[PDB]
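Novice: Questions regarding the structure given below will be posed in turn.
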Amino acid sequence: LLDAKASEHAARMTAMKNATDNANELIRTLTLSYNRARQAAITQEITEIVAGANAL
Amino acid sequence: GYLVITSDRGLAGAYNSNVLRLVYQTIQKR
Amino acid sequence: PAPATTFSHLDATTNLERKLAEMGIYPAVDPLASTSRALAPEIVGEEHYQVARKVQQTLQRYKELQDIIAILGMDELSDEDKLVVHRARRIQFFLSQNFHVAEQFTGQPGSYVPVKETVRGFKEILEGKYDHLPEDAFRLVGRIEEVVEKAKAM
Amino acid sequence: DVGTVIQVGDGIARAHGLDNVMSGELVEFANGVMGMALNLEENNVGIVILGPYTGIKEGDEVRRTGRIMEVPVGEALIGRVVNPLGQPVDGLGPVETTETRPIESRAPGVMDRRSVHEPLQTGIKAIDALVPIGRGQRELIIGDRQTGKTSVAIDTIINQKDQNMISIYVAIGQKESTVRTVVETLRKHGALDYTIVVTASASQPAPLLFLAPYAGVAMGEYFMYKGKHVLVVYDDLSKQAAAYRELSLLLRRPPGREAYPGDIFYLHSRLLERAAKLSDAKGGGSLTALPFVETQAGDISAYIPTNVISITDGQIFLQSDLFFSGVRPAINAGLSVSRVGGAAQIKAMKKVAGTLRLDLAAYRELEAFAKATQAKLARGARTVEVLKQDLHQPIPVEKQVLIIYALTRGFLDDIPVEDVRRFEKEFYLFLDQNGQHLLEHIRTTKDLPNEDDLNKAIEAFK
Amino acid sequence: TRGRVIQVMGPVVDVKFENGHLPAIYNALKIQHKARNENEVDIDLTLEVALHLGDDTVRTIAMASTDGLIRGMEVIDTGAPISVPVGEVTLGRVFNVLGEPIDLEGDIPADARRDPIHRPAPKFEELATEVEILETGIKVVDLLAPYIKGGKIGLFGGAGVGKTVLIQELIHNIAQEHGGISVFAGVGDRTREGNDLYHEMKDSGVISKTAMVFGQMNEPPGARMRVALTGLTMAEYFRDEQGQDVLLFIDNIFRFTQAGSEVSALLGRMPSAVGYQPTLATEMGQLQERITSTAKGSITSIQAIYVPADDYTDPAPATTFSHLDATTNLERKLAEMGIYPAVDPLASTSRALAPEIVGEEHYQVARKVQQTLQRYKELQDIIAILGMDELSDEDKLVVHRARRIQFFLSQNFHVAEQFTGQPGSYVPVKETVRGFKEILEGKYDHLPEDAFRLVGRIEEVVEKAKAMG
Ligand SMILES: Nc1ncnc2c1ncn2[C@@H]1O[C@H](COP(=O)(O)OP(=O)(O)NP(=O)(O)O)[C@@H](O)[C@H]1O
Ligand SMILES: Nc1ncnc2c1ncn2[C@@H]1O[C@H](COP(=O)(O)OP(=O)(O)NP(=O)(O)O)[C@@H](O)[C@H]1O
Ligand SMILES: [Mg+2]
Ligand SMILES: [Mg+2]
């Protein structure tokens, strides 16, 4: 039982060590998508505004 | 008689499956 | 810009979130973003402020723990943390009310409550008198006295 | 054939008169700068300035060159660094070239092309071994900044002395420090005596940056049409796209996605469809092009990378995480493909080492998860180590295929990983004194030598 | 009775005429000139009218390079639409968009009848509708989206997923033995492929029953639109006046709409949401409403649309779904897994997926496969973050199967023999419907993860696994 209880905490250590990694990649890719969504939104907004200004 | 022991809650990884599977197989095979 | 410009003139605003509309707990007023000038000690008194602040703070605290639950599990969090959910679920469910003009959509005549019973009932729900009554019994009820009847109905 | 200039706004001008002016014609200002006409309205002509516009004033006289966009070509430009307009950069007197080519000429089409079966010797092991190239092919070099793209082009152009291919190097929007470092490297190694270098730096107006590749390909195809072989490289297409966005937005055209106008697929095509392998009606010459694209964040799904991929026949995507891992050049065994079959390589390559791509990509994926797989893992480290090479070490193709044969046949399993790169340098010191015949056999027959003798050669070294 | 040129803006020319001689839409104009002085250049040009802008002027779109157009030159109006040869004489030959031969093998005299390109779509009393299966032998396609004779099949993919590979595979598997007249319009593809297929057809003897016109990338914006129409005006005649079944292949018809966006900003129109011409839907409809079957014959066309990015919400490809009868979608993210073809099973559908046309044993397996794949798609986030070992036993068993199904969707094509150690293999419909049954009931599911990759019938899977030990 002592051997098993030590291996349990070892397995938990390993589980957290694998789990903590993919988070950062997922944040960096969402953040990139966030800046691209920003830039697209601003570009669309200015294009509409300048088209309206040119029309009027 | 057979004894099997597992972790007490989740996020333990593959600790739980690898023992329950093997104990189950080695008993129902024979 | 339209809500931003409108927000500057109201004396008291109540917000409605479509998430609450989909949850089936009507009305859909979100307690967090609903604020008023009346929440002052010289207008509502001290018996109002402490209970309102405690309920507001508990419902703010539950918001992030329920999101953590979505990934971390349901028993990896400590029992003391789980008690926050165990009571916030009841607190949010008891916010529902059976209205009188909704009889077409509900098929029910409703019930009536005065403000004294509201402050009183929230004090009891925080007191721990109703930990063992099911959460689903608190859906669309008025006065707190009805709840023990609905559990009697179940 | 007279008129006056009435607008000098932001490098674009409008001119009165000019009754007989034709589209695409060259124009000269009285200040001494060249310009061009792109639009002819009811009573005015739009002119794009190809130099320093700070000297132009209202009422200046402007004059007709009388011909379409012709750039001089010939053998006299060899040994010089030239401006796209046809002016030498480092002095050394005026050019003597007489013949000229319009850079807007119609590209060869149907009944003028042929398949590809012969390689373009690059000397960079990891490329020719995994992503082969042939003459007439257009291969995209695309990737992140600060990873070493230009170091590929320089090595490829130094290795071409033995194949007798006149070549052109084009620099766009680039810093003069790297330009002159490259020029000094070429003049030291002697490449300038058959290569032609054209530059258009970042301190130059946008229209020069926009026109540079057209001249770079027009001065290159001329030797093709006379039967010679030509290699052409461009330093960056992203900067040319940015310059075109600048010009279009000054011209008041409706922007599209990311403000890039819809002509992007058109502009590049009229530039990249000039490469071909001519039929017997003109000659057997061929031209290959290596354009460069820089990714803002290393994401392939952007507008310009995909639009530039749409024309080209392949791509190698240079990564940045590989750069800090101790591997150069950063070449990915995964998403990088060439559409030419394995027969383009010499028959020994396809015969023996054609499995290198599978052996390497499978390991590159399997390491992420990491007896049979335990043994498989041992080979990948050697598969990546043997492909490593340093700066200015273009290995001969015969020794290249020999070491690839040694790697692919499992001869290196005893050598420790950290010592692998030592074997590679000592091994060539062995053969020149013990296996000199195999090199000539490889050079002549284009085929693998006797298997028994090749296997017997190695045990002496081991 | 002659025209003039006063304004040039690149692809757009603003020709002018005199009172009473205004051309109609789609009319053809011709310009010829010879050098009067050494400073001039010789060019013969043809133009297509698109708009009327008053003051005795009409807008036209150039069909060739507009370099060297001196203002004040003369213009000739033919008074008729662009005319391209059609009929028996066009079999085996190759033309450009203007209709002239570009194969250099010879000329085609005026005795061959030629028709206008633009004509209105057939009336409702002339149309017909019937459903019957067209078969290709591809495992992934024939089950989840069978094709319909005389219908429209659409291919969707990014900037390189294997669209041309699928088109050439279909040609190798159907077009030669279908028994019908074949037309291949090389719209906007690479010129290398265009001149490669010419050898591929002539040296194989199939060129005697094929017609082609090319419009590849190098050509100015005016030409890239009408390649599809010049290809369709021949299949129309082959369907109607000869009573022959016709197959039509188009690779980059999307280059139609994009070309409009190039010219519209010069014609003088207001811009759309993302800068398109405000005529996308109407012009695409006027294009695809002529590819129809009738009571006299059937035209089956397989087309591919270039998606501008990994975003299907773009209006130009999104509005294509109003005409397709069978849909196939490609995405990079499945192509990168090492599975070819990377057809997405939860976005490719067809009208022919009905239980009275395919039988119970077909509809049942199709619905079962889609249902089983939906759950694995939904479990994506949680399996990615924490791992496949988190889920329960009943979910773990389901996890054991979806990837094997996806692997079984892979198959070696005939044009992949140059890249793979095996040639292309064939799996009939009766076999592709059968195959998924064994995996669904667990007859062969216990084999390892990679054995189901690049396989033909289900029997080859077991022998490949045995070869792996
Ligand atoms: N294969 C290589 N092996 C070793 N060192 C290398 C190699 N390639 C490049 N380097 C070194 O790394 C530096 C960066 O290479 P360089 O070719 O200038 O990158 P780059 O392509 O110009 N980046 P960028 O300017 O953003 O396009 C070079 O100056 C060399 O010192
Ligand atoms: N069965 C297969 N196995 C492996 N790779 C394949 C297979 N089929 C296609 N491919 C790959 O898919 C790529 C795409 O093919 P290709 O048709 O040339 O590009 P594309 O999708 O047509 N882009 P484009 O034609 O320019 O619109 C090819 O270059 C091959 O590398
Ligand atoms: Mg660089
Ligand atoms: Mg293709």
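Residue numbering restarts at 1 in every chain; chains get A, B, ... in the order shown in the structure tokens, and ligands count up from 1 in that same order.
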Ligand 1: which residues are within 9 Å, counting only C-alpha atoms and all ligand atoms, as a PDB file with C-alpha atoms, in the first residue's frame?
Specialist:
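Generated output (result.pdb):
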```
ATOM      1  CA  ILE D 124      22.206  21.807 -49.506  1.00  0.00           C
ATOM      2  CA  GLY D 143       8.693  31.492 -43.616  1.00  0.00           C
ATOM      3  CA  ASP D 144       9.384  33.546 -40.519  1.00  0.00           C
ATOM      4  CA  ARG D 145      11.914  36.327 -40.021  1.00  0.00           C
ATOM      5  CA  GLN D 146      15.383  35.879 -38.500  1.00  0.00           C
ATOM      6  CA  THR D 147      15.704  32.223 -39.511  1.00  0.00           C
ATOM      7  CA  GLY D 148      18.125  32.179 -42.461  1.00  0.00           C
ATOM      8  CA  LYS D 149      16.268  32.285 -45.782  1.00  0.00           C
ATOM      9  CA  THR D 150      18.940  34.272 -47.643  1.00  0.00           C
ATOM     10  CA  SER D 151      21.644  31.840 -46.509  1.00  0.00           C
ATOM     11  CA  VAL D 152      19.891  29.229 -48.666  1.00  0.00           C
ATOM     12  CA  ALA D 153      19.874  31.385 -51.798  1.00  0.00           C
ATOM     13  CA  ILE D 154      23.527  32.379 -51.390  1.00  0.00           C
ATOM     14  CA  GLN D 174      16.292  45.412 -47.982  1.00  0.00           C
ATOM     15  CA  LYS D 175      18.938  46.969 -45.762  1.00  0.00           C
ATOM     16  CA  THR D 178      23.154  42.763 -45.772  1.00  0.00           C
ATOM     17  CA  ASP D 235      14.617  38.564 -51.978  1.00  0.00           C
ATOM     18  CA  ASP D 236      11.046  39.191 -50.768  1.00  0.00           C
ATOM     19  CA  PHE D 292      10.707  34.655 -51.032  1.00  0.00           C
ATOM     20  CA  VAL D 293       7.736  35.334 -48.749  1.00  0.00           C
ATOM     21  CA  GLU D 294       7.979  36.513 -45.133  1.00  0.00           C
ATOM     22  CA  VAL D 327      19.369  22.995 -36.372  1.00  0.00           C
ATOM     23  CA  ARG D 328      20.151  25.083 -39.461  1.00  0.00           C
ATOM     24  CA  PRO D 329      18.611  25.467 -41.972  1.00  0.00           C
ATOM     25  CA  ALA D 330      15.143  25.223 -40.372  1.00  0.00           C
ATOM     26  CA  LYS D 388      22.986  19.184 -40.796  1.00  0.00           C
ATOM     27  CA  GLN D 389      25.547  21.414 -42.480  1.00  0.00           C
ATOM     28  CA  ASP D 390      27.333  24.666 -41.715  1.00  0.00           C
ATOM     29  CA  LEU D 391      27.811  27.921 -43.618  1.00  0.00           C
ATOM     30  CA  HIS D 392      29.492  27.832 -47.052  1.00  0.00           C
TER      31      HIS D 392
END
```
Novice: Could you make a table, as a tab-separated table, of the residues of chain D that have an atom within 12 Å of an atom of ligand 4, each with its nearest atom pair and distance in Å to one decimal, counting only C-alpha atoms and all ligand atoms, in chain and number order?
Specialist:
```
residue	atom	partner	partner_atom_place_in_ligand_line	distance
D:309	CA	ligand 4	1 (Mg)	10.9
D:310	CA	ligand 4	1 (Mg)	8.9
D:311	CA	ligand 4	1 (Mg)	10.1
D:312	CA	ligand 4	1 (Mg)	10.4
D:313	CA	ligand 4	1 (Mg)	8.8
D:314	CA	ligand 4	1 (Mg)	10.5
D:338	CA	ligand 4	1 (Mg)	11.8
D:339	CA	ligand 4	1 (Mg)	9.5
```
Novice: Taking only C-alpha atoms into account and nothing else, which residues of chain D lie no more than 9 Å away from chain E? Please answer as a PyMOL selection string.
Specialist: chain D and resi 19-25+38-42+66-68+104+106-107+109-115+253-257+261-263+265-266+269-274+276+301-303+306-307+309-313+334-335+341-342
Novice: Would you mind listing, as an mmCIF file with C-alpha atoms, in the first residue's frame, all residues of chain B that have at least one atom within 10 Å of chain C, where only C-alpha atoms are what counts?
Specialist:
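Final file, out-v9.cif:
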```
data_model
loop_
_atom_site.group_PDB
_atom_site.id
_atom_site.type_symbol
_atom_site.label_atom_id
_atom_site.label_comp_id
_atom_site.auth_asym_id
_atom_site.auth_seq_id
_atom_site.Cartn_x
_atom_site.Cartn_y
_atom_site.Cartn_z
ATOM 1 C CA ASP B 8 -9.290 8.133 -4.890
ATOM 2 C CA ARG B 9 -10.275 10.892 -7.353
ATOM 3 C CA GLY B 10 -9.799 12.238 -10.845
ATOM 4 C CA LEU B 11 -7.020 13.970 -12.781
#
```
Novice: Counting only C-alpha atoms, what are the residues of chain B within 10 Å of region 14-29 of chain A, and for each of them which pair of atoms is the nearest and at what distance in Å, to one decimal? Sort the table by chain and rising number, as a tab-separated table.
Specialist:
```
residue	atom	partner	partner_atom	distance
B:11	CA	A:15	CA	6.9
B:12	CA	A:15	CA	6.1
B:13	CA	A:15	CA	5.2
B:14	CA	A:15	CA	8.3
B:15	CA	A:15	CA	9.4
```
Novice: Please report as CSV every residue of chain E lying within 9 Å of ligand 2, along with the nearest atom pair and their distance in Å (one decimal), using only C-alpha atoms and all ligand atoms.
Specialist:
```
residue,atom,partner,partner_atom_place_in_ligand_line,distance
E:157,CA,ligand 2,21 (O),7.0
E:158,CA,ligand 2,21 (O),7.1
E:159,CA,ligand 2,23 (N),5.3
E:160,CA,ligand 2,21 (O),3.2
E:161,CA,ligand 2,21 (O),3.8
E:162,CA,ligand 2,21 (O),3.4
E:163,CA,ligand 2,22 (O),4.3
E:164,CA,ligand 2,17 (O),3.8
E:165,CA,ligand 2,17 (O),4.6
E:166,CA,ligand 2,17 (O),7.4
E:167,CA,ligand 2,17 (O),8.4
E:168,CA,ligand 2,17 (O),8.9
E:189,CA,ligand 2,25 (O),6.6
E:190,CA,ligand 2,26 (O),7.2
E:251,CA,ligand 2,27 (O),7.7
E:252,CA,ligand 2,27 (O),7.1
E:304,CA,ligand 2,27 (O),8.6
E:305,CA,ligand 2,27 (O),8.6
E:306,CA,ligand 2,27 (O),6.5
E:335,CA,ligand 2,12 (O),8.0
E:338,CA,ligand 2,4 (C),7.5
E:339,CA,ligand 2,3 (N),7.4
E:340,CA,ligand 2,1 (N),4.9
E:341,CA,ligand 2,1 (N),6.2
E:342,CA,ligand 2,8 (N),8.9
E:410,CA,ligand 2,1 (N),8.1
E:411,CA,ligand 2,1 (N),6.9
E:412,CA,ligand 2,1 (N),5.3
E:413,CA,ligand 2,1 (N),5.5
E:414,CA,ligand 2,1 (N),8.5
E:415,CA,ligand 2,1 (N),7.8
E:416,CA,ligand 2,1 (N),5.3
E:417,CA,ligand 2,1 (N),8.6
E:419,CA,ligand 2,4 (C),7.1
E:420,CA,ligand 2,3 (N),7.5
E:454,CA,ligand 2,1 (N),8.2
```
